[PDB]
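First comes one chain, alone, set out as structure tokens in the form deposited in one PDB entry.
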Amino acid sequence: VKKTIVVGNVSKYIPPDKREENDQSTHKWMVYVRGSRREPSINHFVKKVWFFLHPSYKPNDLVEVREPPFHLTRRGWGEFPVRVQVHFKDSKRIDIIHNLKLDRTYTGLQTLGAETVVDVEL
């Protein structure tokens, strides 16, 4: 019946020397869809997830993940709203907007950006 869905992102700063010749991206970010802290795995009631990205990611601005974990990894230089559509196995689809937050430690280590928490009724 009642389930918690968390859409979050981590990111790491890419130091200037470690950036690819043809890629001016400052960060590598990962958006994730998980359950509660108590039940992080959502594979048993989530069929797949669609990630709707910023137009700059065209033609790959819509990414489908059907196999857990429900993660998307990309490089970028900007914060934008990531639209996440979660498809449930029994019943139905819900849209979650996650405002991507990029690392400001500038350590080059992966840090938690932000988490968007929603309660779904099913």
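Shifts are known only where both forms have a C-alpha. Only the largest set of C-alpha atoms that superpose within 1.5 Å between the two forms is called the rigid core. Position 1 is the first residue in the sequence shown; the rest follow in order.
Another form exists, solved in complex with a partner chain; not displayed. Remarks below refer to it.
K.L.:
How about residue 121: is it within 4.5 Å of its partner chain in the deposited bound form, going by heavy atoms?
P.N.:
No, residue 121 stays farther than 4.5 Å from its partner chain in the deposited bound form.
K.L.:
Looking at the partner-bound form in the deposited bound form, is residue 97 within 4.5 Å of its partner chain by any heavy atom?
P.N.:
So residue 97 counts as contacting its partner chain.
K.L.:
Quick one: does residue 104 come within 4.5 Å of its partner chain in the deposited bound form, counting heavy atoms only?
P.N.:
Close contact exists here: in the deposited bound form, residue 104 approaches its partner chain to within 4.5 Å, heavy atoms only.
K.L.:
Answer yes if any heavy atom of residue 14 is within 4.5 Å of a heavy atom of its partner chain in the deposited bound form; otherwise answer no.
P.N.:
Answer no; every heavy atom of residue 14 is more than 4.5 Å from its partner chain in the deposited bound form.
K.L.:
Rigid core as reference, CA moved 2 Å or more between the shown form and the other one - which of 60, 41, 73, 56?
P.N.:
Among the listed residues, the one whose C-alpha moves by 2 Å or more is 41.
K.L.:
So which segments really shift between the shown form and the other one, if a segment has to be 3 or more residues long and each C-alpha must move 2 Å or more after the rigid core fit?
P.N.:
Core-superposed, the single displaced stretch is 39-41.
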